[PDB]
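First up is the structure itself, then whatever we jot down about it.
Just so it is clear, none of the values below were taken in a lab; they were calculated from the coordinates. No Cβ is skipped: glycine too gets one built from the backbone with ideal geometry, and neighbour counts run over all protein chains shown.
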Amino acid sequence: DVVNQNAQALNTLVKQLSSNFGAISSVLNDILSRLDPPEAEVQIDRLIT
Amino acid sequence: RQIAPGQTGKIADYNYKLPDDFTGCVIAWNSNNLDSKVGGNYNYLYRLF
């Protein structure tokens, strides 16, 4: 009930890897390498948030 | 319509680009009545490549 819980907590952060968070997709550097610099500012703002 | 932070083209790739933190203004207006010539005024030149 400690250790697995922490793993689940870490697994929770694992599920925070591939979330859109209002952005187009969860992939960072492809959106950094496809769109406008202010568009990428908006997307990375959403992702960092 | 190319002078913008994040755009490219005849202006921002060749000779005149804005920085990413443009703390200025954009004002333009027509003065064709002092540059109109029938055969063409070719004293003013630009960059293509």
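Things worth noting here:
- Some residue of segment A:41-48 being within 14 Å of another protein chain (Cβ to nearest Cβ), out of contact with any helix residue (DSSP H, G or I) (no Cβ under 9 Å at 6 or more places or on another chain) and not hydrophobic (A, V, I, L, M, F, W, C): yes
- Between A:35, A:17, the distinction of being within 14 Å of another protein chain (Cβ to nearest Cβ), part of a loop (DSSP other than H, G, I, E, B) and not hydroxyl-bearing (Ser, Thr, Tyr) belongs to A:35 only.
- Near pairs, Cβ below 6 angstrom, 6+ apart or cross-chain, from segment B:25-49 (closer than 24 Å to residue B:9 by Cα) to any residue that is part of a loop (DSSP other than H, G, I, E, B) and of a type outside the set (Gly, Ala, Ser): B:41/B:35; B:47/B:14; B:47/B:15
- Count - residues of segment B:14-48 that are away from chain A (no Cβ under 14 Å), under 16 Å from the mean Cα position of the chain (by Cα) and surrounded by 10 or more Cβ atoms within 10 Å (Cβ to Cβ): 4
- Filter pass, residue A:2 being more than 14 Å from chain B (Cβ to nearest Cβ), without any contact (Cβ under 8 Å) to a residue 40 or more places away in the chain and of a type outside the set (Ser, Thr, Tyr): yes
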